[PDB]
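What follows is one chain in structure tokens, specifically the form deposited without the DNA.
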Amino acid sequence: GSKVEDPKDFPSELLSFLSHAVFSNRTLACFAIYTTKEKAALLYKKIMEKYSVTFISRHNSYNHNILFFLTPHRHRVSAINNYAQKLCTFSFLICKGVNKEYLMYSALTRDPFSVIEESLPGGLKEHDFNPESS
């Protein structure tokens, strides 16, 4: 009746370009963590060196923040999932993977998603994404 509603997953807004499958067999190098803000900050200084994040930006959605973060080597969302899971003993946790990095972080920077911080001077813009009808 009043307690802010907790998010059980990503909003249909970013559901236009995501992975979803958690036990799939594809190796993705881009992931989008979605959890309380204090959480994204803990995984920002952590993954920053665990996967040499190709780019990590903390964005603002409606209730919590989405710590976006890429990675060089390849990893199944099941492995990176164990990462965001090891950090789920102080609040809810909704880490997921991403198939289209550029697009994803794109709708995240444009309303209704605001931007908080990021290691890149212009968001992802990493020189290792993939092309696609746009």
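So that there is no doubt, residue numbering starts at 1 and follows the sequence shown.
Beyond what is shown, the protein has a form solved in complex with the DNA; the following relates to that form.
Within 4.5 Å of the DNA in the bound PDB entry, a heavy atom is found for all three of 74, 82 and 100.
Checked against the DNA in the bound PDB entry, the candidates 106, 78, 63, 52 yield a single residue with a heavy atom inside 4.5 Å, and that residue is 78. Stretch 22-30 is the contacting one of 53-61, 35-43, 87-95, 22-30, since its residues have non-hydrogen atoms within 4.5 Å of the DNA in the bound PDB entry.
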